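Here's the structure we're looking at; comments come further down.
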Amino acid sequence: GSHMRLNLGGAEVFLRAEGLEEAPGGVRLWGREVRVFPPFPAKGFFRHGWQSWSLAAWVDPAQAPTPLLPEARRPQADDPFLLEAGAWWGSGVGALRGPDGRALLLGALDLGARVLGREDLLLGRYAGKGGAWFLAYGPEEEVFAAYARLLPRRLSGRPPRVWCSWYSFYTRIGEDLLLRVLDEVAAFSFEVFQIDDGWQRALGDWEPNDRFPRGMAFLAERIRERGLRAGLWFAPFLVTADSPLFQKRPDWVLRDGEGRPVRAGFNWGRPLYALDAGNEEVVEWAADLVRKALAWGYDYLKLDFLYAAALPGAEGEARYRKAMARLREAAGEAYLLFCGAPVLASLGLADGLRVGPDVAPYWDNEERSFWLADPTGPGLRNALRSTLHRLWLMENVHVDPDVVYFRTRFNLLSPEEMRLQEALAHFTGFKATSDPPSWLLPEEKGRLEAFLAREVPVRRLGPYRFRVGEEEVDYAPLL
Amino acid sequence: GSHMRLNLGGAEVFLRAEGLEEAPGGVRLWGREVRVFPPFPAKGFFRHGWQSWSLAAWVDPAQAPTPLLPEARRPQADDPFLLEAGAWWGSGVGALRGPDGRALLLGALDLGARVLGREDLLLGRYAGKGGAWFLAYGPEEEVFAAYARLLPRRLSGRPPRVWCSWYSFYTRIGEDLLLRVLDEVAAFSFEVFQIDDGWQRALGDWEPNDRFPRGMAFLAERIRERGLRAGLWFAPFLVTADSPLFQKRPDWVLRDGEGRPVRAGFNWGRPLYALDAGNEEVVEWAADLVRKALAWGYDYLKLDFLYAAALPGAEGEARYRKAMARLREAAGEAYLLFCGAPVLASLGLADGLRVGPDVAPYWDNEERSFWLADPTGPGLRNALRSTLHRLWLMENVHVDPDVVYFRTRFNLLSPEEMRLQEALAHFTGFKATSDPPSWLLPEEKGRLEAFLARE
Amino acid sequence: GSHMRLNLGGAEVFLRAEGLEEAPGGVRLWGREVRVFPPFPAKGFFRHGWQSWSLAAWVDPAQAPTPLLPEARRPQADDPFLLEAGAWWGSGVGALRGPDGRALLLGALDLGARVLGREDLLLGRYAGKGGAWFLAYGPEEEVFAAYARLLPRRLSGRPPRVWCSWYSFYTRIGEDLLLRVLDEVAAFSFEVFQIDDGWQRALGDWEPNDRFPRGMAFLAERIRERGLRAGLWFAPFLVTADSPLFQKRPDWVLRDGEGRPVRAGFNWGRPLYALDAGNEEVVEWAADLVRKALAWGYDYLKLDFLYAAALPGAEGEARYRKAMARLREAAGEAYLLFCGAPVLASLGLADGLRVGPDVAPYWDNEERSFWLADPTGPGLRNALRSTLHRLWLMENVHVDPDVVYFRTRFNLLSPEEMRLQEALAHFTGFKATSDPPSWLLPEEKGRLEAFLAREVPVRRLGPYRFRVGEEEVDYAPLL
Amino acid sequence: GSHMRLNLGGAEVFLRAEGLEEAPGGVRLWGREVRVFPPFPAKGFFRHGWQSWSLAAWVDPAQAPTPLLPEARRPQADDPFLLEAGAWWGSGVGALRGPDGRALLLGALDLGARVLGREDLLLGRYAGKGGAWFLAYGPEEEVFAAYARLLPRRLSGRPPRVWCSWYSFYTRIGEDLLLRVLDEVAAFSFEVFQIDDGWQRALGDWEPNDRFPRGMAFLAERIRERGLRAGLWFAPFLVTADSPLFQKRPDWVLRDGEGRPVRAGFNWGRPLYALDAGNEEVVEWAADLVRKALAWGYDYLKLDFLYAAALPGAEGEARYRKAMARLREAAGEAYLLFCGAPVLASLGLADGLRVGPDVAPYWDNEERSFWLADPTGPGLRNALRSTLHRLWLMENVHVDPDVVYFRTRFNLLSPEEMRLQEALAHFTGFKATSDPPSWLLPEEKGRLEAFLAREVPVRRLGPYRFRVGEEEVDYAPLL
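Residue numbers (this note's numbering), protein chains in the order written: chain A, 1 to 479; chain B, 1 to 455; chain C, 1 to 479; chain D, 1 to 479.
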């Protein structure tokens, strides 16, 4: 569109958009594509990945991105377009960093956008119909804070204290086992007892397996009899080729223009497919999952693999938001923890939102992280990296940095490394763990409780420097 | 379009189409694209080829289709899209066969459609504007029968009895030769004496050559003086680069977006090009060929390589049907046999339609059928395979299974094999041969005559 | 080796050999590799294929040779080297023809040679042990007769008059069918009633199948009861994956330097493998098939696919010659017709030698001859082309042009076409047919008996022009 | 060579060799290449990897091997030829398995051999000059036992009980730390206190770093003052491009025919190179490493990355054996634990020999083991798999299955999985651990001591079934 000149944060910035109007802390550009030219040599670019597990960090715009591997796992790692492209594209928001500690930020305000990042240019482009942009230049923290002030929010009190069943037992869970654990956990200041993956029969067959013989509403009663809330995990729009649902209703599978199932990734040793979140019949089925779980007595719901409803990328954020609004509507005042979800497109609908790859009982799997060049895999390092770069969302949602480890048994993490993840739990206020109390030594059990029972004050000193209580925590070396 | 649920022939069929309504034998869908999901694990896909010579058979949708060779011959084998696509695509109609022997059938009701067969769905896509579909589940013969009822129809009584020149003399015909054969053919109970390829000077130069010195209208007179009807053969829209027409009116050649003549195959040792059947000057020139052949005294016309008027495939069936509707009316009540033609797109216009590759004096050319992976080449085996899967059209047109062999001289077919082709001629009722009576043994002369009487 | 100049045919010829000495009709060179330069521009090269079905014909050394397809059939087409190469290589003998109609010939006197033709030289090269060469310059028919004189010979009288079962019934033969055909064939002046392919259980299972219930010795006795010698067909060194012999004796299979079966073609719809003709155990198993047949009453034997024992080409001709030596001893005075055999390497061992591809009941399969560029397939033109360029071998073996057709039932050949083959059978003296008398019209049976019973005198006027009786026959149009 | 027929274990076996003579339990074939034909359809092939960490298992000869990845790590995974080749090649010994629980075994008796394995063939081939073979057919255990009875042995009493410093502290070791640990360990029935990688300054600079300030002979004195022997780790012939040795003496680097350093792999984040074990100067330098360590008071020596002296494969086993004999000669009666060493080529020289990949505090790294297709990486599974397939070496050397885990802290292995590795320690008698006693809970400390103090009886019930004490252990599911 039109060429335009601006005095943005005491600097002359040149842009092309079809419109412009003042806005709190910067300006509001319009147009289906807009280009912004930084008044400086750009030292770096804020590459924002599409979903929870995707990569969010500052990168070098000059050097080329590396292909992620295997190709089987690209749809569950990021917006497939951002991986496939040979330039540095980002989802929703991008930013260029001047040699002065200050950022030129271009952020969308509508669904379906991506932002290209060159050393000389910030290029915003909407996949579908055009929309609005927020542009701003200034200190790194202020512009991301000014941007987030223009996005939906659903801050609904403090974020609960959760015992998750995953980062211990993984899928190896059962009704007798979790009741034995529930008794241990009830002795601590938790607020939710959330059963994770493992209770269901298959993806799309969201009923209890034969390890949960008395049913899931029995388990939610035994949890509430302890003073706790009952939490449950779903992957609503995910299905595999061996699910009953995939074979009973083949018209519910998201398929491409040639009637082939859209590939959603590779997990549990088999290829993953999605359910079409544009099919109104399907969206009603997913909503009745929410009501069903609510009827069982569960007021905490971890909705997982949500990128499936948004495949294949920004294009699908349109259908994603509609479908998630119906789930949100069905949940009522229950708590929805979004996981593996398009980060920006879930604001306003999620009560709590995962902002990083899964933590793991180890610092980094070098073979996945380096040789396969896949920073979306589980690992404390890959968790922390995207999470520090999504903390500015704390004023729009509850930011889950994932579970905190206190155990040293069945866990390769070192104490100092565990404390790095613990500190983000204090900064975000999202305090969760999976450590069964049995696996905790006497000293570790006291630490778990002092973590749940106290509210530690925390001040942010810079991008990667924090003061929690009276200890100072730096994250600069990890990047 | 919207997602619909259907109880069709006792099964729960899920489909996606813009519109749905009741039809005889099943239901009728609307939409430029429609997707139907089989209520079973599909055991096979009915791949229906485009034109006369194309393959029509049940295939295994799991196995990837073999590329057809050589690439020069693809436009005269099939819809060139179906041969580039690495999935199983058919023309106009597709069906899936359940493990109970029944079939789920998706068939187009307007021009220019294709059907994709996987084991988990039938996808029908219109190349042009949207259109109607017929969907049905039942016995394999009844759903196809019920599909055929909803297509165009043109049944001109008993299909006539023809003597064709091609499958004995090929292009080595001439006036004095065919006068000598006429005299012996006239002793048998034929109805048409049809002259095939060999009388013309060039493709698009449809005037008699020097082996027919007295001309084509003279030869029509001599045929009618024996109580036979005169037949003549044309390839209206075909042309080679050495054709006078190719050089004198190059605006009549079908050209792609960059001005290059569209490739239409490789026959008679040369590359083949088409005339633009969208150019009303060409259709008129073609319609005048029909007029001239009636003028000469021919009232039976074999119109060949008709896929040329329908290039590049489904996308051309509009221009094709329109150009053929002109010839169909310049022919008046003359008999038109369509050959190498879009099968379903010809219905209602042709009196007779070839539904299989050429028969040949041999069972199968393994070098073309196997190593070149070309089932459209001549061969009694290739001819029977497509013909058998197109018999359901007998309610719409005269299904021509090609000529029947009675000779054993100059013919490698076994006696048992011949009886197959003869049997199909009885069933369709289209009785034609190409054998000079002088080549027949006394016993074969009797068998030919016993075959031409109709009972 | 040494550079040499000599005068030859009134021309000055330059050559490069280790030794030279005089000889009848030219000179004799010695050398593992010899080079000969024509003193003229070369208009044509004499490409000479390796085995019976291989192409022998004059070619333009300029144009590159076309790759023969499918690759699977190349070991049953020629020497696999000649086909993989991008120059014009021939087996054992080459020639260049100057614009004057004369020809410069270079021909091995030893095993395992190839000759290379450029417009400017003839290059001979022995694969194994270096050997002698014959170099001549003169009229085209002269040089070849001179060369034939310097090769092995084995003329066993007049070549017989054979009834071959192949080119009518193919593999559809059986004891009861052939017994009835025998009855009628015995009225004509035949000398051999040869049974072709179809009588055996499998390759390397050379024992009657269920279509010959009374055993092969019965048939042979009924054949001589009718005044006829009995002929049987064998592919001794040929075997398939599904042969019993292939699984029972894997040490008998010819394997390459890395333990893998050497591929020997593709026929009967299944890949073909060879037996190791340099294993005494195999060559003895083979000579016992000769013994077994002779014991059965047959003294005419058609030994087929004999290239299998000489794979992979020139290099194998040393094994081949020494194994065929054994079967020759084992046969005594019986008639051995070599088929698909290395042409030059069989001279002196074979009684009759097939020199072209199969005649067929048609002129040319354009799909195999042209699109696949395979001039070794059945077809009268392909048969005629090589046989005309191998007639100089009449000094050394009974030259077999394959069967003569007289029937018009079950035969696409024209009458003028069949007379071209019939003329060559007169010229070579090898008179055979497959026509069952049932299939012959009266006028046809008459011609067949005149063909057998008369000795039509025939003369040669040029390379492709003959005079059979008083009719002149010219084969130039096919070339 | 010659074709030969044999009655081997009540079966007729056909072979090609240049010689044959009877031998205990089978026969002794000769020849630089020999081929053996199994009297049955081969159901599987024993693929024996070259060195300690390489893969040793039964595989399907039909299916193709998969390329290992990254290519950077091929020289430290196996004989590079065995990886590069597209057939199933093995080092030294190979075997085909009949559908009857019995094996046709072809094993070399001289250095530098490889064995190809087809479904129809066992092909032995020497890289250099020819040599002797052992061939035998019979029960799986008997033929491998008969084979090993023909190879060098150096069984020198019971294998020591070792505290290794690696599988805890890895390189993070120091003099103050290990003295604090030495005090804990001395309370248990160990026999050797072995310091692992971490004490040196660089590869090739085999002197203590600044974390070992009082020197290594001080550490060996403090160890012996506890009643223990002092163990030390070297990687004698390994060097990196930043070592002083690599730059002070570039003529000691093993280089190819174009004077480029031979690549030895990728570890410690940098490319690895070898020292030329054919250089007599270098071999004397490595021997003075042995004497130096002996002079410091160390009578236990873990010699590591030994494949470097044998690069690039079988070809280099010639120089390897010479160089290792000089080290062996220098060590005297000290204990040499060979690690990462050519398995067969070290028999007779090693007192103890690693037979598998490193164990790890986890079952399997799927990303390295599957996507990179590299079964040489650390992991309990990949350790156990090659180790079960090299136990038949127990009568030639001490077979180290690597360290045994007793801790649950800083360790992801489950108890049942730990016990699988523990049982092989009882079967082999090589009892070692790295668990610092601090990291052990009271109950685990008792288990460590009962493991060192008792000698559990163990009987082998089948290939992967053992009875240790009175518990039965099956390994069939792991493969």
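Ideal Cβ positions, reconstructed from N, Cα and C, are used throughout, including at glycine.
Return the CA-CA distance between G265 (chain A) and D358 (chain A), expressed in angstroms with no decimal places.
In the first sequence, counting from the first residue as 1, residue 265 (chain A) sits at position 265. In the first sequence, counting from the first residue as 1, residue 358 (chain A) sits at position 358. Rounded to the nearest angstrom, the two C-alpha atoms are 16 Å apart.
Checking the sheet assignment: what are the DSSP bridge partners for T433 (chain A)?
By one-based count along the first sequence, residue 433 (chain A) stands at place 433. Bridge partners of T433 (chain A): A:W163.
Counting only Cβ pairs nearer than 8 Å, list the residues of chain C close to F14 (chain D).
Here residue 14 (chain D) corresponds to residue number 14 of the fourth sequence, with the count starting at 1. In chain order: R249, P250, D251.
Since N365 (chain D) meets chain A, which of its residues come closer than 8 Å, beta carbon to beta carbon?
If you number the fourth sequence from 1, residue 365 (chain D) lands on position 365. Under the 8 Å cutoff, chain A gives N365, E367.
Select from B:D402, B:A64, B:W89 the residue whose C-alpha is nearest the C-alpha of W50 (chain B).
On the second sequence, residue 50 (chain B) is found 50 positions in, with the first residue counted as 1. Comparing Cα positions, the closest option is B:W89.
Looking at the strands, I want to know which residues DSSP matches up with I195 (chain B).
Here residue 195 (chain B) corresponds to residue number 195 of the second sequence, with the count starting at 1. In the DSSP output, where bridge partners are listed per residue, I195 (chain B) has B:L232.
Using DSSP bridges, identify the partner residues of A274 (chain D).
Taking the fourth sequence and counting its residues from 1, the one referred to as residue 274 (chain D) is at position 274. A274 (chain D) is bridged to D:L238.
When you compare each of B:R224, B:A373, B:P160 to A186 (chain B) by their alpha carbons, which one comes out closest?
The sequence position of residue 186 (chain B) within the second sequence is 186, counting from 1. Out of B:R224, B:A373, B:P160, B:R224 has the C-alpha closest to the C-alpha of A186 (chain B).
Could you tell me the boundaries of the alpha helix (DSSP H) in which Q247 (chain B) lies?
Position 247 of the second sequence holds residue 247 (chain B). Unbroken alpha helix (DSSP H) run through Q247 (chain B): 244–248.
Mind listing which residues of the stretch 279–307 of chain A have their C-beta closer than 7 Å to chain B's C-betas, in chain order?
Cβ contacts with chain B: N279, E281.
So, at 6 Å on beta carbons, what are the nonlocal neighbours of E21 (chain D) in its own chain, with the 5 sequence-adjacent residues on each side left out?
Here residue 21 (chain D) corresponds to residue number 21 of the fourth sequence, with the count starting at 1. Closer than 6 Å at Cβ, skipping near neighbours: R28.
Give the interface partners of residue 481 (chain D) over in chain C, defined as CB-CB distance under 7 Å, in chain order.
There is simply no residue 481 (chain D) to check, as chain D begins at 1 and stops at 479 in what is shown.
What whole-angstrom Cβ distance do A318 (chain D) and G128 (chain D) have, given they're in contact under 8 Å?
Here residue 318 (chain D) corresponds to residue number 318 of the fourth sequence, with the count starting at 1. Here residue 128 (chain D) corresponds to residue number 128 of the fourth sequence, with the count starting at 1. Right, the Cβ-Cβ distance comes to about 6 Å (below 8 Å), so this counts as a contact.
Compute the beta-carbon to beta-carbon distance between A235 (chain B) and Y300 (chain B), rounded to the nearest angstrom, for a pair I have assumed lies under 8 Å.
The count along the second sequence starts at 1 and reaches residue 235 (chain B) at position 235. The count along the second sequence starts at 1 and reaches residue 300 (chain B) at position 300. Their Cβ separation, rounded to whole angstroms, is 16 Å, which puts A235 (chain B) and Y300 (chain B) out of contact at 8 Å.
Indicate whether at least one CB of chain B lies closer than 8 Å to the CB of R201 (chain C).
As a first step, residue 201 (chain C) is located in the third sequence; it is residue number 201 there, counting from the start. Closer than 8 Å: no.
By alpha-carbon positions, which one of C:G9, C:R149, C:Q63 ends up nearest to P38 (chain C)?
In the third sequence, residue 38 (chain C) corresponds to position 38, counting from 1. Per the Cα distances, C:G9.
So for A383 (chain B), helix, strand or coil by DSSP?
For the purposes of this step, residue 383 (chain B) is taken as the residue at position 383 of the second sequence. In the structure shown, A383 (chain B) sits in a helix (DSSP, three-state: H, G or I).
Start and end of the beta strand (DSSP E) containing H398 (chain B)?
Your numbering for residue 398 (chain B) matches position 398 in the second sequence. From DSSP, the beta strand (DSSP E) with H398 (chain B) extends over 398–400.
Starting from residue 517 (chain B), find everything on chain C with Cβ-Cβ shorter than 7 Å and list it in chain order.
Residue 517 (chain B) lies beyond the range of chain B shown here (1 to 455); nothing can be said about it.
Should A77 (chain D) be labelled buried (16 or more other beta-carbon atoms within 10 Å of its own) or exposed?
Start at 1 with the first residue of the fourth sequence, and residue 77 (chain D) comes out as number 77. Buried, by the Cβ-count rule.
Going by the DSSP bridge assignment, what does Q51 (chain B) pair with across the sheet?
To locate residue 51 (chain B), count along the second sequence from 1; it is residue 51. According to DSSP, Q51 (chain B) bridges with B:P342.
Would you check if there are 3 or more beta carbon pairs closer than 8 Å linking the stretch 66–73 of chain B to the stretch 144–153 of chain B?
The stretch 66–73 of chain B is not in contact with the stretch 144–153 of chain B.
Restricting to Cα atoms, I'd like to know which of D:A136, D:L275, D:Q194, D:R260 is closest to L203 (chain D).
To locate residue 203 (chain D), count along the fourth sequence from 1; it is residue 203. Among D:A136, D:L275, D:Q194, D:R260, the Cα nearest to that of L203 (chain D) is on D:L275.
Would you list the one or two residues that DSSP bridges to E281 (chain C)?
Against the third sequence, residue 281 (chain C) aligns to sequence position 281. Beta-bridge pairing links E281 (chain C) to no other residue.
According to DSSP, simplified to helix, strand and coil, what is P65 (chain D)?
The sequence position of residue 65 (chain D) within the fourth sequence is 65, counting from 1. In this structure, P65 (chain D) counts as coil in the three-state DSSP scheme.
Along the beta strand (DSSP E) that carries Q421 (chain B), what are the first and last residues, could you check?
On the second sequence, position 421 is the one that residue 421 (chain B) refers to. It is not in any beta strand (DSSP E) - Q421 (chain B) instead sits in the alpha helix (DSSP H) that spans 415–428.
Near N279 (chain D), what residues of its chain come up, given a Cβ to Cβ distance below 7 Å and the 5 sequence neighbours on each side ignored?
As a working note, residue 279 (chain D) is residue 279 in the fourth sequence. Excluding residues within five positions, the ones whose Cβ falls inside 7 Å are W252.
Establish whether the CB of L116 (chain B) and some CB of chain A are separated by less than 8 Å.
Locating residue 116 (chain B) in the second sequence gives position 116, counting from the first residue. Closer than 8 Å: yes.
Look at the Cβ atom of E444 (chain B), then the Cβ atom of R407 (chain B), and state whether they are nearer than 8 Å.
Here residue 444 (chain B) refers to the residue found at position 444 of the second sequence. Here residue 407 (chain B) refers to the residue found at position 407 of the second sequence. For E444 (chain B) and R407 (chain B), yes; Cβs fall inside 8 Å.
Between which two residues does the beta strand (DSSP E) holding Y320 (chain A) run?
Taking the first sequence and counting its residues from 1, one reaches residue 320 (chain A) at position 320. Not the beta strand (DSSP E): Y320 (chain A) falls in the alpha helix (DSSP H), residues 317–331.
Within the same chain, show all residues whose beta-carbon is closer than 6 Å to that of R354 (chain C), passing over the 5 residues directly before and after it, in chain order.
Here the question's residue 354 (chain C) lines up with position 354 in the third sequence. Answer for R354 (chain C): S52, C339, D400, listed in chain order.
Name the residue from C:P415, C:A62, C:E472, C:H398 whose alpha carbon lies nearest to the alpha carbon of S346 (chain C).
Taking the third sequence and counting its residues from 1, one reaches residue 346 (chain C) at position 346. Here the closest residue by C-alpha is C:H398.
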